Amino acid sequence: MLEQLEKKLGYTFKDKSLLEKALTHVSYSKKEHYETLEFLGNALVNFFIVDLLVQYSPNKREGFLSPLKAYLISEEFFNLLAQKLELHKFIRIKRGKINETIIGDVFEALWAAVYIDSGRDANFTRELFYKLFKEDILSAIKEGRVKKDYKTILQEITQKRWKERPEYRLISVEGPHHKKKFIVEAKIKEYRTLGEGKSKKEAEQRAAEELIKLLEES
């Protein structure tokens, strides 16, 4: 079973218990799970990615590098990189389903495990990591594009035009506690739009997206 993953990883563990720990969620084993390895892998993987980002990024301005780095270490991207490994069929869990949060954390812990198993050889681990994902990362860096959210876009418009910030007002809150529906109002000067979502922010983001369009019509 593990031999398969080791083959996809291109690395054979000296300590197989270290590899399964990385693959084990707290629900399956409360004494030997990946939580602490995840803490380490996050730092480790963060380093490998930044190093690539600094070398190959077309734009080295902080406002570009920071948002892009955040995406390159996001759960989303990690799940994207993990596909190749098929972690979903090596992961051990009980009270839960192997969602994208679990996958991303196991991905991080998995890299910490390799690092440790190899006698804490960062250089070796970085290369193994690059041999597997360098191209995929450089690819995403080349097609890198920072995109602002509506709430941010809106206040930059209003701070430019009237040097003021839009007022977000909570209008309604319906539904059961585990699935609420929020209706918020965005207002600037005398303009006001509405927005709804499953969270205040989502609702405000919708509201803001409207106030922008509203303002375009002038």
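Numbering starts at 1 and follows the sequence shown.
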{"item": "Per the entry, higher mean C-alpha B factor between 33-41 and 166-174", "value": "166-174"}
{"item": "Residue range whose averaged C-alpha B-factor is higher in the record, 22-30 or 182-190", "value": "182-190"}
{"item": "146, 140, 128, 112, ranked by C-alpha B-factor: the highest one", "value": "146"}
{"item": "Chain-wide C-alpha B factor ranking for residue 136, given as lowest, middle or highest third", "value": "middle"}
{"item": "CA B-factor ranking of residue 98, expressed as a third of its chain", "value": "highest"}
{"item": "Residue 117 CA temperature factor, ranked by third within the chain", "value": "lowest"}
{"item": "Ranked against its chain, the third holding the CA B-factor of residue 73", "value": "lowest"}
{"item": "Among modelled residues of the same chain, the CA temperature factor third for residue 203", "value": "lowest"}
